[PDB]
Structure formats: structure tokens, C-alpha cells
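Note sheet for the following structure.
Throughout, numbering of the chain's residues begins at 1 and tracks the sequence. Order of listing sets the numbers, starting from 1, for every ligand and every atom in it. Hydrogens, waters and symmetry mates play no part in the numbers below; they use all other heavy atoms, side chains included.
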Amino acid sequence: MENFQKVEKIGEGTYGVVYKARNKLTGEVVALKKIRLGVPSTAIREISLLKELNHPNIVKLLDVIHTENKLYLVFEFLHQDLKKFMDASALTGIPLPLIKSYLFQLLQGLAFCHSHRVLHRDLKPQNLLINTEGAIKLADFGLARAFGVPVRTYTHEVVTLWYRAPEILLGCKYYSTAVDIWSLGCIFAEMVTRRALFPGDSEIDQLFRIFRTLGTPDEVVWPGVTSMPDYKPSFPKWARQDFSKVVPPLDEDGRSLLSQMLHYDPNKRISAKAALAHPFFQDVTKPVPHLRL
Ligand SMILES: NS(=O)(=O)c1ccc(N/N=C2\C(=O)Nc3ccc(C(=O)O)cc32)cc1
Ligand SMILES: NS(=O)(=O)c1ccc(N/N=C2\C(=O)Nc3ccc(C(=O)O)cc32)cc1
């Protein structure tokens with residue numbers, strides 16, 4: 001670690017603290033992530049697999065440094081996250097062609113992850129990174145279930161529940177790649193409307209916000225929902241609202257795709273591969289964002 005000079009702290013999450021840093025050996029500017037914990041052997045092996053999960057839309061994992069019973073991950077550095085870009089673009093909105101490009105690229109990255117049986121599990125605007133060339137990349141995944149212990153909130157953590165799939169909220173512990181499609185759907189809606197789709201601050205508030213818009217799920221729309229671990233027959237039964245309120249003024253192709261990404265039944269929810277073929281992407285392009293760095 002004496003080979004890195006910290007420039008500034010750029011983030012913190014369940015798995016650690018991220019710094020912008022300079023590699024003293026090469027002069028490179030990188031993102032250095034100190035993993036919050038020595039470190040178990042299963043975590044070293046699982047993280048080593050992430051070094052081989054390489055794609056243009058996945059943040060590059062350059063090196064794994066396991067020394068003095070501490071774990072550091074060295075990643076390539078990108079200058080801005082989607083949360084900041086969304087906030088910077090709040091008065092005008094991100095242009096639809098750029099929203100479409102970002103969605104397409106993130107579906108390409110997820111289709112790749114998913115084909116290798118790797119789930120992101122916690123997609124949110126803060127872990128989607130952008131550059132000046134129009135790329136967007138997935139970050140902050142691959143360490144879940146590798147440390148062998150139940151997840152406990154770290155000191156000062158406030159968990160973001162806004163993008164969590166309903167099956168996670170309902171207590172499914174063996175959920176599928178569909179959870180990432182749900183999260184990406186929520187982010188897509190937020191890019192279009194400039195408002196979070198389901199901004200809950202508790203698990204039940206999150207679940208009830210989903211139900212009030214999409215309707216309380218039942219066995220008709222989601223076979224098996226009533227047998228989910230945290231499903232209660234006492235949930236209020238809200239009717240599904242007319243979808244026209246969800247993402248105005250998005251066109252029917254985008255609304256159709258979003259409705260497939262937000263299906264309750266994870267088995268009915270569209271896959272990343274099928275979403276890439278949706279008519280909404282027939283006119284996809286790769287525009288340049290205006291980034292103020
Ligand atoms: N792939 S890259 O990001 O374009 C890049 C850029 C710069 C570098 N430099 N490497 C080195 C540099 O300047 N002094 C060095 C001293 C020692 C070593 C070494 O391997 O032992 C490497 C460098 C690499 C990649
Ligand atoms: N808020 S901001 O100023 O727009 C910002 C936020 C984040 C960044 N970079 N983050 C990262 C980066 O460059 N490589 C990474 C690799 C992994 C992780 C992670 O969390 O696991 C984060 C980053 C820059 C500016």
C-alpha cells in the first residue's frame with residue numbers, strides 16, 4: 001500500500017471505502033478500494049474470479065492486493081457516477097438518445113455477467129460510472145456471499161432500498177439474475193423522469209410504494225408469491241394504477257420495455273439478452289455526454 005498515494009475519498013459502501021489514488025510505480029491514476037473485513041480464503045478465491053470477468057461495460061479490476069491480512073482492490077478510475085450526472089442534468093434532463101445508449105450498454109454488461117452466472121445484486125446510480133467517450137460501466141459487485149457471514153450494516157451506513165427487486169424485499173435468499181433487471185428498470189425510469197421511481201426509506205415502505213403503483217401482487221400475476229418468506233396475506237390490496245403515470249413522457253416502445261423489466265414474477269421479467277432485442281433499441285446510438293469534471 002506504500003505504492004499508492006491517496007488523492008481523495010470518492011465513495012463508501014457495504015464492501016469498503018474507495019479512494020482516487022496514484023500508483024507510485026506506474027504513475028497511473030486508479031480507484032483503490034479497501035475491503036471492509038484476516039480476510040477469509042473463500043473471499044480471496046471469489047475476488048480472484050472477478051479479475052477474469054472482463055467486459056467494456058464492467059469497471060476493470062486491475063489487481064488484487066492481499067497483504068498484511070488486509071485486502072485492497074485496484075480498479076480503473078472513471079471521473080463521474082450516474083447519480084452526479086443525473087443531478088447535474090436535473091434542470092434539462094438527460095437527452096433520450098443518451099438515456100437509451102446508457103440503458104443499452106448496461107444491458108450488454110448485465111447480459112455478459114449473467115451468462116457467467118454473476119449477479120450484481122445492488123445496482124444503483126452511485127455504482128454506475130461514466131466517461132467522456134459516452135461509455136457507462138458497472139461497479140461495486142462480485143463480493144456478496146464470498147465472506148461467509150450474514151450481512152451486517154457497517155458504521156454510518158444508510159442502505160439504499162430504492163432499486164431492490166420485490167423478491168428480495170419478500171425474503172427470497174436464492175434470487176436470480178432478474179433482480180438486476182428490476183434495478184436497471186428503476187434506474188431507467190429515474191433517468192427519464194428525473195425522480196426516483198420507488199423512494200422507500202424502510203423495507204415495508206419500499207414494498208408498499210411498489211404495490212401502490214404496480215398493484216399488490218397475487219397468485220394470478222406472480223404464481224408462488226403468497227408462499228414467499230415475508231409475504232403476509234394482511235398486505236393491503238392496491239389496484240394496479242394506469243401505467244401512463246409511471247414514466248411520462250416516454251414513448252410506447254420505452255414504456256413497453258420498462259413494463260417487462262418491472263414484471264413481478266422474476267420468471268416473466270425480461271432477460272438482459274431479450275431486452276437488447278426490444279424494438280426500443282432499433283434506433284440506438286452512442287452520443288457524447290456533456291460532462292463537467
Ligand atoms: N496501461 S497504462 O495505463 O497505459 C500504463 C501507463 C503507464 C505505465 N507505466 N509503467 C511504469 C512506469 O512508468 N515506470 C515503471 C517502473 C516499473 C514498472 C514495472 O513494471 O516494474 C512499471 C513502470 C504502465 C501502464
Ligand atoms: N460522485 S462523483 O464525483 O461523480 C464520483 C463517484 C465515483 C467515482 N469513481 N468510482 C469508482 C472508480 O472510478 N472506479 C471504481 C471501481 C469500484 C468502485 C466500487 O464502489 O466498488 C468504485 C469506483 C468517481 C467520481
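Panel note: side chain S183, backbone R164; no donor-acceptor pair is recorded below 3.5 Å.
With hydrogens and angles left out, the side-chain atoms of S101 and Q105 include a donor and acceptor closer than 3.5 Å.
Ring geometry for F85 versus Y102: interplanar angle over 60°, hence perpendicular rather than tilted (30 to 60°). The aromatic rings of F188 and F280 are tilted relative to each other, their planes meeting at an angle between 30° and 60°.
The option from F77, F75, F141 that lies nearest to atom 17 (C) of ligand 2, judged by heavy atoms, is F75.
Protein heavy atom nearest atom 11 (C) of ligand 1, with residue, atom name and distance: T26 CA, 3.7 Å. The protein atom (non-hydrogen) at minimum distance from atom 7 (C) of ligand 2 is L129 CD2, 4.0 Å. For atom 6 (C) of ligand 2, the nearest protein heavy atom (residue, atom name, distance) is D81 OD2, 3.5 Å. From the protein, the heavy atom lying nearest to atom 2 (S) of ligand 1 is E28 OE2, 3.9 Å. Given atom 8 (C) of ligand 2, the protein heavy atom at minimum distance is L78 O, 3.7 Å. Nearest non-hydrogen protein atom to atom 20 (O) of ligand 2 is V18 CG2, 3.6 Å. Looking from atom 25 (C) of ligand 2 to the surrounding protein, the closest heavy atom is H79 O, 3.4 Å. Nearest non-hydrogen protein atom to atom 23 (C) of ligand 1 is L25 O, 3.7 Å.
Because its NZ or CZ atom is both nearer than 6.0 Å to the ring centre of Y154 and within 45° of the ring axis, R36 counts as a cation-pi partner of that residue. Note that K33 lies outside the cation-pi zone of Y19, set by a 6.0 Å cut-off to the ring centre and a 45° limit from the axis.
At a heavy-atom distance under 4.0 Å, only side-chain atoms of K84, from C-beta outward, approach ligand 2. In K83, neither the side chain nor the backbone holds a heavy atom less than 4.0 Å from any atom of ligand 2. Contacts between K33 and ligand 2, counted as non-hydrogen atom pairs separated by less than 4.0 Å, involve the side chain only.
Sparse packing is recorded around CD of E68, with 12 or fewer heavy atoms of other residues, nucleotides or ligands lying under 6.0 Å away. Few gaps surround CH2 on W222; more than 12 heavy atoms of other groups in view lie less than 6.0 Å from it.
Salt bridge present: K51 and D63 bring a charged side-chain N and a carboxylate O closer than 4.0 Å.
Under a 4.0 Å heavy-atom criterion, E76 is in contact with ligand 2.
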